[PDB]
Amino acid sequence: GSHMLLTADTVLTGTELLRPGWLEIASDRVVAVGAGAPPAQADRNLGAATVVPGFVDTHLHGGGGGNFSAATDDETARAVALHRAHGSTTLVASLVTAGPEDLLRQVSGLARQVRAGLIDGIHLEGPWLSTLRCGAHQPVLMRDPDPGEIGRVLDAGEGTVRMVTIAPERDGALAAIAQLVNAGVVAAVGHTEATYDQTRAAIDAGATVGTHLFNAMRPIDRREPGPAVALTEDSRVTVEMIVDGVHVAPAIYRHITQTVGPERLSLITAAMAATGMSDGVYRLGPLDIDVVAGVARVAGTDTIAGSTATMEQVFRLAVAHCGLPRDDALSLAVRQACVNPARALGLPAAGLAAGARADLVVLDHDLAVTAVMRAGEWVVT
């Protein structure tokens, strides 16, 4: 654009709650943001709306019928369009376990769409995972992390692979974590039967993210705490959680938030390709997924295979279920849905502040998305 001055009764910047607030947008940047009456006459008076920074979804597999694992322009476009429509202005595309050949093709294909700007990075969830915690993955393809293949895969992405999930109990997992962190890649722990001690070792080797805490993860036990306690204990780790109301009980979300504090939890969707569509049978990598009432299940089991949630939905549920008063709930959920995930992944600092890119979301009273701006242009006007 050129000159936009927005007002709204509430503006959350990432670190403060402005009531009322205003933002001045020039081209694709925020030039200025503040509380009270605006420094000039406003162009857009949003009224009784809440403005938050754009949502930063760092772990999702598709949407609107599109699968990121397809690594085609059409499927990526329809996934990006749906999530962007719901306020996810930054997206890390996740790949499920795959054979070496398909992995290179998928990484190369997605890396092109990063460079094109459709997605902001690649997450490799697999193949270096535990077969005991596979879920919606093909366990046959999981393998020990080999430093030759890791280098080949990172070479193919040309710096666009941002995060790799590792099962810390596989042979060569601790070397692979060091190898990833030397390449500037975030090492995440997930899909693992690791003990407390093995997860603690992975953290000391440089893992800094917990992949959807409590899902595909050994449970907490009084004598063997398991990975979830190692991950919540260490302040260097940002834990992911899927708060769609299906993957973990809301009281678990509340418990972990209590434990790790406001800066150490990231909300994610793990959205699959049926997000935004109708019910039926779908595809995730090389698997068939039956979505019944929006609940994704691997065809023929009881295993939930991913969510059908957008960041707008998990934001709303975080606010409702975090147990804090409304204003504090909004502030917390903005840290979890915008600030913490961008920080954890080395992404452009989320936040509405002078010089930041103008990515923001307008929420109505019920906290539904009414507008979405990305790079200073309305995606949803």
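All residue numbers refer to positions in the sequence shown, first residue = 1.
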{"query": "Mean C-alpha temperature factor, higher of 293-301 and 155-163", "finding": "293-301"}
{"query": "Higher-B stretch (mean Cα B-factor, as the entry records it), 263-271 or 96-104", "finding": "96-104"}
{"query": "Options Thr199, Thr232, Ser278, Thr208 - largest CA temperature factor per the record", "finding": "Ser278"}
{"query": "Member of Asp221, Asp120, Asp244, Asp73 with the greatest C-alpha B factor (per the PDB record)", "finding": "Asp73"}
{"query": "Assigned third (lowest, middle, highest) for the C-alpha B factor of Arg44", "finding": "highest"}
{"query": "Among modelled residues of the same chain, the CA temperature factor third for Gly190", "finding": "lowest"}
{"query": "Third of chain Cα B-factors occupied by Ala37", "finding": "highest"}
{"query": "Third of the chain, ranked by Cα B-factor, where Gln138 sits", "finding": "highest"}
{"query": "Ranked against its chain, the third holding the CA B-factor of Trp128", "finding": "middle"}
